[PDB]
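Peer 1: below you'll find the sequence and an experimental structure to go with it.
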Amino acid sequence: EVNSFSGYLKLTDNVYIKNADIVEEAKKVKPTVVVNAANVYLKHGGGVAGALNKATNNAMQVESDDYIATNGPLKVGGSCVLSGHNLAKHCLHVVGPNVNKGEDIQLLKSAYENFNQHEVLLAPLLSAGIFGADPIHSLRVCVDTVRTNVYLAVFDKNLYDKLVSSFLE
Ligand SMILES: CCNC(=O)c1cc2c(N[C@H](c3ccc4c(c3)S(=O)(=O)CCO4)C(C)C)ncnc2[nH]1
C-alpha cells in the first residue's frame, strides 16, 4: 500500500494533521518523502533530526556529511533531497529559522515553499520546539504556503489539541 496515512484529521484540502511520532509514522507508512527538521550543516544531533537519524542506524548522518563535503551547507529556508533509507523513498531536509538563535521568522515561508516540489509528504511542524517559532503561526504559514499534500505529525497531544482548536476558530 502506497502512502497509507491513517487517523489524520483533514484541516484543508491539502493539509492533514495527527498526534504522532514522525519516526513511527515513517516506519508504518513508508511515504515517498519524509521531511527532516534540519540545520544548515545537516548535523542530526537531537530532536526530530536525531530521532530520524537513529532510526536509520546513523546511515542518514554519513550520507549528510558526504553531501556537505561536496555541496557546502544549506541556507536557512533552503532544502536538499537525500535518501529516505528505511523510512521513506526520499528525505527532504528543510531548514526552518531558529528564532531562539536570532534567525528571521519570515524565512518560515521559504522553508515551507520547499514542500511544493513533492506531491505527497510526511512532515513535522517547522521551526517548532526548541527552534522557538510560535507553533500556531507555523501551522498558519504551512496552510497558506503548501499546495501539495502534506501530512503533519505532531508528537505532543497538548500541542495537537491547541493547533486544531486554533485552526477551527
Ligand atoms: C521518540 C522519537 N521521536 C521523537 O523524538 C520525535 C519528536 C517529534 C516531534 N517534535 C516536534 C518538533 C517539531 C519541529 C522541530 C522540533 C520538534 S525540534 O525541537 O526537534 C527542532 C526544530 O523543529 C515538537 C514540537 C512536538 N514532532 C514529530 N514527531 C516527533 N518525533
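Peer 2: That came through, no problem. Residues are numbered from 1 along each chain as shown.

Peer 1: quick one: is the longest helix along the chain near the ligand?
Peer 2: Counting by DSSP state H, the longest helix found in the chain is helix 59-71. No: figure legend: helix 59-71 not in contact with the ligand (C-beta under 6 Å from any ligand atom); closest approach 13.8 Å. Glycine gets a C-beta too; all of them are placed from N, C-alpha and C.

Peer 1: what's that helix packed up against?
Peer 2: If you count contacts as 3 or more C-beta pairs under 8 Å, 6 or more residues apart in numbering; DSSP states H and E, helix 59-71 packs onto helix 47-55, strand 79-83.

Peer 1: how far does it sit from its chain's centre?
Peer 2: Centre-to-centre, helix 59-71 and its host chain are 19 Å apart (C-alpha atoms, centre = their mean, to the nearest Å).

Peer 1: same check, this time on stretch 89-105
Peer 2: Mean C-alpha position of stretch 89-105 versus that of the full chain (C-alpha atoms, centre = their mean) differs by 9 Å.

Peer 1: who in this structure is up against the ligand?
Peer 2: 21-23, 37, 47-48, 51, 124-125, 128-131, 153-156, 159.

Peer 1: tell me the secondary structure of residue 4, please.
Peer 2: Using DSSP: H, G, I helix; E, B strand; the rest coil, the structure places residue 4 in coil.

Peer 1: ok so, going back, which residues are in contact with the longest helix of the chain?
Peer 2: Helix 59-71 has contacts (C-beta atoms under 8 Å, 6 or more residues apart in numbering) with 36, 41-44, 52-53, 80, 82-83, 85, 91, 93.

Peer 1: so which residues of the protein form helices?
Peer 2: With DSSP H as the criterion, the chain has helices at 22-29, 47-55, 59-71, 107-113, 135-145, 157-167.

Peer 1: so which of the helices and strands packed on helix 59-71 is nearest residue 148?
Peer 2: Taking C-beta to C-beta, strand 79-83 is the member of those nearest to residue 148, at 13.6 Å.

Peer 1: show me what the closest one is packed up against.
Peer 2: By 3+ C-beta pairs under 8 Å, 6+ apart, strand 79-83 packs against helix 59-71, strand 90-94.
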